[PDB]
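Engineer: Return atomic coordinates for the entry below.
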Amino acid sequence: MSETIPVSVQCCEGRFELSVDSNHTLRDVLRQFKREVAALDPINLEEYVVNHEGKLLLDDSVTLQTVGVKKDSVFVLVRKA
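Structural biologist: Residues are numbered from 1 along each chain as shown. And now the structure:
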């Protein structure tokens with residue numbers, strides 16, 4: 001608990017916020033977000049795409065900072081199909 005980073009996520013069903021330390025790639029942020037979103041979201045979010053900081057990323061190899069995310073870090077999730 002030395003370097004905390006608050007983040008906010010928007011969903012068509014509601015809103016979900018979380019706090020995690022920056023170090024790993026988006027794969028980490030999404031891993032937790034999707035791991036928790038499943039609590040209320042029965043459908044597999046993996047079949048959908050999520051935009052970070054108003055920007056749609058291709059893979060999760062880039063880090064939060066690599067993408068250019070701000071302190072607030074706002075990402076929205078939407079169903080593509």
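
Engineer: need the strands for this protein, in chain order.
Structural biologist: Taking DSSP state E, the strands of the chain run over residues 6-10, 15-19, 49-52, 55-56, 74-78.

Engineer: In TSV, list those strands along with distance to residue 64 and mean neighbour count.
Structural biologist: Yep, even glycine has a C-beta here, placed from its N, CA and C like the rest. Below are the strands of the chain laid out as TSV (distance: least, CB to CB, whole Å; neighbours: other CB atoms under 10 Å):
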stretch	distance to residue 64	mean neighbour count
strand 6-10	8	16
strand 15-19	12	12
strand 49-52	8	18
strand 55-56	12	10
strand 74-78	10	17
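
Engineer: can you put those in CSV and add distance to residue 28?
Structural biologist: As requested, these are exported to CSV (distance: least, CB to CB, whole Å):
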stretch, distance to residue 28
strand 6-10, 11
strand 15-19, 12
strand 49-52, 13
strand 55-56, 18
strand 74-78, 14
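
Engineer: Could you say which one of those strands comes nearest to residue 30?
Structural biologist: Comparison of those against residue 30 by CB to CB identifies strand 49-52 as nearest, at 7.0 Å.

Engineer: What pairs with that closest one, parallel or antiparallel?
Structural biologist: strand 55-56 (antiparallel), strand 74-78 (antiparallel) (DSSP bridges).

Engineer: Which neighbouring elements make contact with the biggest helix by length in the chain?
Structural biologist: Longest helix in the chain by number of residues (criterion: DSSP state H): helix 26-37. Counting contacts by 3 or more CB pairs under 8 Å, 6 or more residues apart in numbering; DSSP states H and E, helix 26-37 packs against strand 15-19, strand 49-52, helix 64-67.
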